Amino acid sequence: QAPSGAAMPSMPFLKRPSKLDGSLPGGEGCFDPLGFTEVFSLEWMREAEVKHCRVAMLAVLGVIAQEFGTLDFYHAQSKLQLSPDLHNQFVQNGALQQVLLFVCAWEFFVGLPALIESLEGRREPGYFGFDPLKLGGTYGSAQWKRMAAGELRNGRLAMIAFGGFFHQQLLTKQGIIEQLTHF
Amino acid sequence: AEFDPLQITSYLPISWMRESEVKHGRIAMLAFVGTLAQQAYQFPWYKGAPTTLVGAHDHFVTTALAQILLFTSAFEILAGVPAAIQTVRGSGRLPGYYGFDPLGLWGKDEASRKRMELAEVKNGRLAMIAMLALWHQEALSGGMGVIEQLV
Amino acid sequence: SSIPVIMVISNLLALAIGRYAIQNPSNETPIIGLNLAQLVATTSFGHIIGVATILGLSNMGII
Amino acid sequence: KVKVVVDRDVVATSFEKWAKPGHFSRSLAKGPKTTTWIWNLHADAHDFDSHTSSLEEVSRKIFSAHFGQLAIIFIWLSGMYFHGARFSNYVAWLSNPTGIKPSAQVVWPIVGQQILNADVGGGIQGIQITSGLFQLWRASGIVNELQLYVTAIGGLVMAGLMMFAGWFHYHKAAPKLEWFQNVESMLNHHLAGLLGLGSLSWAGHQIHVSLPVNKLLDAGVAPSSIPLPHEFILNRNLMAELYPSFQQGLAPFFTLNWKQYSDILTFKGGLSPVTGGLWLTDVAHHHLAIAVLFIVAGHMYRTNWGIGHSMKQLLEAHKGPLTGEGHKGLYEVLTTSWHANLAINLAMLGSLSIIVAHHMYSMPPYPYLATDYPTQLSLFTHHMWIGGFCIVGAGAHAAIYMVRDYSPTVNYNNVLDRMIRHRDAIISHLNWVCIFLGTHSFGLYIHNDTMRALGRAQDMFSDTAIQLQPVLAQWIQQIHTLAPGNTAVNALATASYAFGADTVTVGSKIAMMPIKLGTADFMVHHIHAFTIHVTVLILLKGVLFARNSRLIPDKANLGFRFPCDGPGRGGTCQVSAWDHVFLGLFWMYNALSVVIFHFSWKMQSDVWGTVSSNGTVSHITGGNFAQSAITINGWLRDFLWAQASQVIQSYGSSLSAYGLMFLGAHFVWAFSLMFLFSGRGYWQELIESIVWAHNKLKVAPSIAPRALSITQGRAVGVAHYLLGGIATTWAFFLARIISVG
Amino acid sequence: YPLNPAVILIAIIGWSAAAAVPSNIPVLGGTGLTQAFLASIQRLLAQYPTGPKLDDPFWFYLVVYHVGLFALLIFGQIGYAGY
Amino acid sequence: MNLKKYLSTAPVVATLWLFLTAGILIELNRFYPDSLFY
Ligand code: CLA
Ligand code: CLA
Ligand code: CLA
Ligand code: CLA
Ligand SMILES: CC1=C(C/C=C(\C)CCC[C@H](C)CCC[C@H](C)CCCC(C)C)C(=O)c2ccccc2C1=O
Ligand code: SF4
């Protein structure tokens, strides 16, 4: 039966959001049931999603990499990477103090100018034109869209995955790899 | 409406009511075969469960039904709420339609579809009546099973 | 035993009161002759009257 | 009939108008040529019915501005919870409520201000708080900083949601005028939905969280050892141990066997001997009974289903032979004027704040509130001031209604019209009553000062000479003392120990005891009657003569707020309704100052203090009220002079901020007199000479300096007078009571 | 205004009969309000010079009677005058 | 550009400049406390 006009591909019973037309790389579904895009800037939301994607992806890989092996001079007492115990240690070491400085530097001198450009409509959200190896191709190609769609799908998975990582480690008090091996 | 002596359709819109009836029916239909299933067969994970509508509920309230509530509530918040609000406001969606038909069991044309649509509701209503009866019977038989009810 | 009896009477009286009390009754209902909105209104009044009477007689050691 | 109808995307979200100061006004949008413009921008910013003639556009601004107010309240509440969580001795205070001083403000070490970090106990140094937050949080069952943190975060999320909703209902989905005019619907929802379900859901918290947590705290269980609130909900056996009725569950509710909940829902009256607070089983039952009342009350008004009352029909029905057309028109008045509604709503909310002040000291609702004298004094005083300001506001908006919104067509031979038609009779009689009350109330003090000064103590109005016993108040105290088991058969104890019966102590400190009324109490009550009648005279005169008098027959044309109609007709300074509000503020300040002084002294003299092992009551000021409070000299000497000792000796102590604020507040008060006693003509001429000097050095501004408007001079004057006067008392009170209490 | 002083005749008998219902027990007796109030004046006019104290329940029987009588007679005026 | 015009309005620039000024004076008294002379 379906609704009268254009229906949301991801949820065929709900009407398609006005702004989400299915054209965006990782937005074929036009998935916005709660209707955030109806009230909020899409360029803002897209910048946030892609930012969260990239932070989450590094963080999920970071946990796995740090679990397998940590550096010697960083005397890591906790084997739980998403514990308060470990976080607190590398705040006191000044390791997280250092990366906070350059993250804050990036966000103020790059991220905030980049966001403002996107709100004015002079930048695609997430674009810093960073492709040294050219594993995307020309900016706006079918290859670029496949990688852009790939970035979000990998990022969205990492975002959720990091939820699983943190919460499971908080109950079990075991490593993510340690949990997989032992039940 | 054909049978509406109280004239509830005069106060709440039929689209909303027919969403509720079909929603209730689908819950009642899974609940009826669910009660026969759990009273017949038990999973290896639980083993020592009551297998009684009241007892099984009270047993699985903190764990299994809490998880069911969480993911059932999730669906209602994301799909159920915008669906129900869009129907009454006038989206043109049939009440009950969540576009769930992996197979081709609905039918073709209109006659066969509306028969299958009527079939769902009347199967829903009978399962709805059934589930009320099973609680009354289990309550006033000293916690007797649905199959154990037949002497 | 006395609780259901008083409650049915209080609901039936509120229903009878309702036919005269409510401005423009329905008279398009088989037996009661009130619409659903008015039935809920009268039964609501019958509940308040019923609960209050029951608690009145319970406090006086009559039921 | 009752329907949701909104306009969509009605106002674009742009910073354009932020960069255009005074965009909202046709007069201001052109920008400044003089400094008067800068003041006008601020004075007019929220006068929405001056910006536009559209009632719809006014209504939509109001609704959205209201969300702004709730957002700010949520930031403030969140702040209070976060300061509790992060910078307080609350957790330590739970383990020693009588010994530890509540503190939730820590100052930074800079320029020696860390002296203000007082030795409050509970392993912190900070400012002692008097807001009663700890007593509130203890009553709510909060035992740890996580619960306070999560409430603070919750508060910020509610602040965010209020901001979104304010933005949303102005810019995206603005309701139409006909939405706002659904007064019947609004009242059903606010009665049943806001107050009814608020009280029902709060009663829920009390029965499930407050009751079990406080029962275990009162038994002396360590707050860390108390089960978390959800354990009382999950494990019913835990709850059944504390309140056995929880064995029977909800079966006794649906079956009307309500006596089974006698453990959780009580009518004990009086106070906990442990905490000196109201029994939480009384409070839970109160909130259940109120909830039902409000849910039932909110079924009164007709909406979409025929049943219910037309408020129009109700008003028009209440017509008698002495009052013409009666309440005809008032439905139209109250559905077409925001100011009319704000007038009523401020009168009642203000009057409510005052009732709250009286009820909260006398029936101390929170555990360890009664014997936290700083909190008791602070809460009474605070809620008195908020009440006073609101009542004067009611006068302002009643008068704004009369100037801007009143029509003779709507109000034709109705109670409002008929009041205007005998304003001379009303104001002449109230004037008379003010002179009668003033002479026979204040005159008794002056008589007494004179007789005492002349060595004629036997000629005084006093308990030991010419007695003025408040026999009616004394008689009512007796009736309320005799109530339990008699006219309140199921009440175990008095509503309040203020009326009679026992002295409640927590440790050695008096929570509450009978407040005996004598000649001093009779006299000060007639001062209160006096100061309230005069305030009413000023504000009511403002309303009834807002539109015209024999002096100014066209006053409505000059508006609500205007300085005068010139020096002619003998001089017409301060004829405007606004100027009546201005004068009303001073009298409200006068009236309420005497109320909070009456409170402070009476409580210190006759209520608050210590009870020894022998069981002899020693009050803070040792019963000096009865013989000292019957002369002005006694108020000057035994109250102001004697009790100011703490604030003026505060330098070099943790209370030194009160000493500084005491002087600072005196300064601001005195500074106010410059504005109140002078006129802008002097100031504009002075500025001319100063402007000359700037012109000489080629540094005169293009925005020409102006003296404040005549009205702004008055506004600045009364604002500094009130700020200075109130802040002086604040510093006096807090220094006094934190020291001796 | 029709007046009709017979409003006062109904106001007395109407309130007095309604107030003469038997109550529970305390600071009243169980007889009623009127039976207590008419008993209170009997033992007070017996000592005609020396009036009542604040402790005496006569003052309560006075107020609750009169605040009930004034209520019943004021609502008596509106009824007869405005049918 | 309109937001920057707003941030250039008298009360915003006064607030920010006096905040900065207060910060400098506060921080000077934090690091050089009790300076009664040069
Ligand atoms: C974490 C931040 C984040 C943000 C800012 C976005 C933002 C966006 N998403 Mg993405 N998305 C995310 C995470 C996020 N997403 C994750 C983890 C997944 C995997 C499920 C997706 C899967 C997804 C799909 C398939 C699509 C989008 C699309 C979009 C765009 C339009 C919809 C929208 O406005 O969402 C706004 C989202 C937020 C403001 C974040 C959610 C905030 C809520 C309040 C969090 C808590 C809710 C609740 C408690 C969750 C649990 C409930 C229950 C299920 C247990 C917008 C740019 C659409 C698009 O056009 O892509 C280009 C689209 O088709 N998203
Ligand atoms: C988030 C971005 C945003 C933007 C860009 C706009 C933009 C606009 N708003 Mg909207 N609005 C918003 C959010 C926003 N609004 C929110 C969150 C609300 C709910 C409060 C509203 C409710 C609203 C109303 C009711 C009105 C507008 C109006 C307007 C227009 C004029 C605003 C102006 O001059 O304000 C500049 C004003 C300020 C920056 C002052 C804001 C004061 C805030 C709210 C409170 C301050 C806190 C506290 C009192 C501070 C005390 C500090 C101490 C020193 C004393 C402009 C198109 C007005 C209009 O006329 O449109 C046609 C109008 O009447 N808005
Ligand atoms: C149950 C229905 C309901 C409730 C709870 C309210 C509550 C409120 N309305 Mg009213 N309103 C209603 C129906 C309701 N309204 C209807 C039908 C109309 C049209 C006839 C109006 C028209 C109206 C106007 C024109 C105005 C209000 C305003 C208000 C606020 C008054 C100030 C106050 O007391 O803050 C108390 C604050 C709180 C209790 C905290 C915030 C509560 C939020 C809004 C949610 C509450 C309801 C929600 C269902 C709670 C969920 C519970 C959760 C456990 C699931 C208050 C929040 C005034 C206002 O301030 O608007 C912003 C205002 O100007 N209302
Ligand atoms: C101590 C300061 C002071 C005093 C004594 C007064 C006195 C009065 N004010 Mg004023 N008022 C004051 C400060 C004061 N005000 C200030 C600072 C403001 C600016 C905000 C005002 C603004 C103001 C307004 C707007 C109004 C008043 C009104 C009143 C009158 C109230 C009625 C009344 O009680 O009259 C009786 C007189 C007194 C209580 C004063 C002393 C009485 C003595 C003790 C008894 C009589 C003595 C005897 C006759 C003397 C004979 C001696 C002689 C032979 C030598 C009263 C005359 C109101 C009014 O006029 O009401 C009708 C009124 O509307 N005042
Ligand atoms: C003192 C006085 C004045 C003079 C006061 C004036 C003109 C107000 C003074 C303005 C103050 C000082 C603010 C101006 C400051 C500028 C905005 C510059 C700020 C600079 C930095 C702090 C940002 C009147 O104009 C007046 C009018 C009517 C009755 C009584 C009086 C009255 O008593
Ligand atoms: S003194 Fe001032 S207020 Fe009075 S008439 Fe003259 S201008 Fe008007």
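Just so we're on the same page: letters track the sequence lines, and every chain starts at 1.
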Margin query: If we count only N and O atoms by modelled type, under 3.5 Å, do the side chains of D:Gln206 and D:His287 hold a donor and an acceptor together?
Written below: yes

Note to self: Under 3.5 Å, is there a donor on one side chain and an acceptor on the other for B:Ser141 and B:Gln149?
What the structure shows: yes

Checklist line | More than 12 heavy atoms of other groups within 6.0 Å of A:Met45 CE | finding: yes

Notebook entry, point to check: Where does the angle between the aromatic ring planes of A:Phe36 and A:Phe40 fall among parallel (under 30°), tilted (30 to 60°) and perpendicular (over 60°)?
Noted result: parallel

Note to self: A:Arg156: which residues meet the side chain to side chain donor-acceptor pair (under 3.5 Å) condition with it, sequence neighbours left out?
What the structure shows: A:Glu49

Check: Does the side chain of B:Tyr11 come within less than 4.5 Å of B:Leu6's, by heavy atoms?
Finding: no

Checklist line | A:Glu151: partners by side chain to side chain donor-acceptor pair (under 3.5 Å), with sequence neighbours left out | finding: A:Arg54

Notebook entry, point to check: So, the side chain of C:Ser58 versus the backbone of C:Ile63: is there a donor-acceptor pair under 3.5 Å, distance only?
Noted result: no

Check: Any donor-acceptor pair under 3.5 Å linking the side chain of A:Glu38 with the backbone of A:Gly35?
Finding: no

Check: Counting distance only, does the side-chain N/O of A:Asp85 pair as donor-acceptor with the main-chain N or O of A:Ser78 below 3.5 Å?
Finding: no

Margin query: Can a donor-acceptor pair be found, under 3.5 Å and without considering hydrogens, that links the side chain of A:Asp32 to the backbone of A:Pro17?
Written below: no

Item checked: Closest heavy-atom pair and its distance - D:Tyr261, D:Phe253 -> OH-N, 3.4 Å

Check: Does OH belonging to B:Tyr41 count more than 12 external heavy atoms closer than 6.0 Å?
Finding: yes

Note to self: Can you confirm whether A:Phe162 sits close enough to A:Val55 that some side-chain heavy atom of one is under 4.5 Å from a side-chain heavy atom of the other?
What the structure shows: no

Which donor-acceptor pairs under 3.5 Å do side chains of residues 64-71 of chain B form with protein atoms, sequence neighbours excluded?
none

Next item on the list: Tell me, yes or no, whether the heavy-atom count around B:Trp16 atom CH2, taken from other residues, nucleotides or ligands under 6.0 Å, exceeds 12.
Entry: no

Next item on the list: Quick one: do B:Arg18 and B:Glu117 satisfy salt bridge (charged side-chain N to carboxylate O under 4.0 Å, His left out)? Show the steps, please.
Entry: CA-CA 11 Å; B:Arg18 196 140 50 79; B:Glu117 192 185 319; 3.8 Å; yes

Note to self: Can you give me the closest heavy-atom contact between C:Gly46 and C:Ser10, atom names plus distance?
What the structure shows: O-OG, 2.8 Å

Notebook entry, point to check: For D:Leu288, what residues pass the side chain to side chain contact (heavy atoms under 4.5 Å, CB included) criterion, not counting sequence neighbours?
Noted result: D:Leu200, D:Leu265

Item checked: Distance flag, aromatic centroids of A:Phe13 and B:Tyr98, threshold under 6.0 Å -> yes

Note to self: Side chains of D:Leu216 and D:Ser225, heavy atoms from C-beta outward: is any pair under 4.5 Å?
What the structure shows: no

Notebook entry, point to check: Please walk me through it: do B:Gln86 and A:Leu14 pass side-chain contact (heavy atoms from CB on, under 4.5 Å)?
Noted result: CA-CA 7 Å; B:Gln86 277 179 31; A:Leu14 301 193; 4.0 Å; yes

Check: Taking all non-hydrogen atoms of both residues, which atom of A:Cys30 and which atom of A:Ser10 are closest, and how far apart?
Finding: C-OG, 4.3 Å

Check: Side-chain contact, heavy-atom cut-off 4.5 Å: D:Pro223 with D:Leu217?
Finding: yes

Notebook entry, point to check: Which pair of heavy atoms, one from B:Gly96 and one from B:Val22, lies closest together, and at what distance?
Noted result: CA-CG1, 3.9 Å

Notebook entry, point to check: Is D:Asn235 reaching over with its side chain to a backbone N or O of D:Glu231, donor-acceptor style, under 3.5 angstrom?
Noted result: no

Check: Between the main-chain N or O of B:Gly48 and the side-chain N or O of B:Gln42, is there a donor-acceptor pair closer than 3.5 Å?
Finding: no

Note to self: Surrounding CH2 of B:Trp135 (heavy atoms of other residues, nucleotides or ligands, distance under 6.0 Å), is the total greater than 12?
What the structure shows: no

Next item on the list: Take D:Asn144 and D:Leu228 through the side-chain contact (heavy atoms from CB on, under 4.5 Å) test and state the conclusion after the steps.
Entry: CA-CA 10 Å; D:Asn144 62 65; D:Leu228 292 169; 3.7 Å; yes

Item checked: Set of salt bridge (charged side-chain N to carboxylate O under 4.0 Å, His left out) partners for A:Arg153, sequence neighbours left out -> A:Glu28

Checklist line | Reported CE-to-CG distance for the pair B:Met17 and B:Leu12, which is rounded to 0.5 angstrom | finding: 4.0 Å

Checklist line | Contacts of type side chain to side chain contact (heavy atoms under 4.5 Å, CB included), residue A:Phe68, not counting sequence neighbours | finding: A:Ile64, A:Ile177

Notebook entry, point to check: Side-chain contact, heavy-atom cut-off 4.5 Å: A:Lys79 with A:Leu86?
Noted result: no

Notebook entry, point to check: Do D:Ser201 side-chain atoms and D:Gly198 backbone N/O form a donor-acceptor pair below 3.5 Å?
Noted result: yes

Using atom types as modelled, flag every donor-acceptor pair under 3.5 Å from a side chain in residues 52-60 of chain B to any protein atom, sequence neighbours excluded.
{"from": "B:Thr52", "atom 1": "OG1", "to": "B:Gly55", "atom 2": "N", "distance (Å)": "3.2"}

Next item on the list: For B:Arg125, check side chain to side chain donor-acceptor pair (under 3.5 Å) against everything at least two apart and list the hits.
Entry: B:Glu21

Check: Who are the side chain to side chain donor-acceptor pair (under 3.5 Å) partners of D:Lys259, not counting sequence neighbours?
Finding: D:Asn257

Check: With a 4.5 Å limit on heavy-atom distance, are the side chains of D:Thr281 and D:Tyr243 in contact?
Finding: yes

Check: Where is the tightest heavy-atom contact between A:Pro12 and B:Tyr97, given as atom of each residue plus distance?
Finding: O-CE2, 4.1 Å

Next item on the list: With rounding to the nearest 0.5 Å, note down the distance linking CG in A:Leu180 to CD in A:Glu178.
Entry: 10.5 Å

Notebook entry, point to check: Under a 4.0 Å N-O cut-off, is there an ion pair linking B:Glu19 with B:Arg93?
Noted result: yes

Notebook entry, point to check: For B:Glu76, what residues pass the salt bridge (charged side-chain N to carboxylate O under 4.0 Å, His left out) criterion, not counting sequence neighbours?
Noted result: B:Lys23

Next item on the list: Answer yes or no: are there more than 12 heavy-atom neighbours, outside D:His205 itself, under 6.0 Å from its atom NE2?
Entry: yes

Margin query: Would you say that D:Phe246 contacts D:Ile264 through its side chain, given a criterion of any heavy-atom pair below 4.5 Å between the two side chains?
Written below: yes

Notebook entry, point to check: How long is the gap from CD1 on C:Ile54 to CE on C:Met7, to the nearest 0.5 Å?
Noted result: 4.0 Å

Next item on the list: Could you tell me whether B:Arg115 atom CZ has more than 12 heavy atoms of other residues or ligands within 6.0 Å of it?
Entry: no

Sequence neighbours excluded and cut-off under 3.5 Å, please list the side-chain donor-acceptor pairs for residues 29-40 of chain B, or say none.
{"from": "B:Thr35", "atom 1": "OG1", "to": "B:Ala31", "atom 2": "O", "distance (Å)": "2.9"}
{"from": "B:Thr35", "atom 1": "OG1", "to": "B:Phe32", "atom 2": "O", "distance (Å)": "2.6"}
{"from": "B:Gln39", "atom 1": "OE1", "to": "B:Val146", "atom 2": "N", "distance (Å)": "3.0"}

Margin query: If I compare all heavy atoms of C:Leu55 with all of D:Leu256, which pair ends up nearest, and what's the gap?
Written below: CD2-O, 3.9 Å

Next item on the list: Check whether more than 12 heavy atoms from other residues, nucleotides or ligands sit under 6.0 Å from atom NE2 of A:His182, and answer yes or no.
Entry: no

Margin query: Taking A:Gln66's backbone N and O only, do any of them form a donor-acceptor pair with A:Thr70's side chain (distance below 3.5 Å, no angle check)?
Written below: no

Notebook entry, point to check: What residues, two or more places apart in sequence or in another chain, satisfy salt bridge (charged side-chain N to carboxylate O under 4.0 Å, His left out) together with A:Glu67?
Noted result: none

Check: Hey, are the side chains of A:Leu24 and A:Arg46 touching, using non-hydrogen atoms and a 4.5 Å cut-off?
Finding: yes

Checklist line | Residue pair A:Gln169, A:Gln179: steps toward the side-chain contact (heavy atoms from CB on, under 4.5 Å) verdict | finding: CA-CA 8 Å; A:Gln169 278 222 114; A:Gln179 198 174 121; 5.6 Å; no

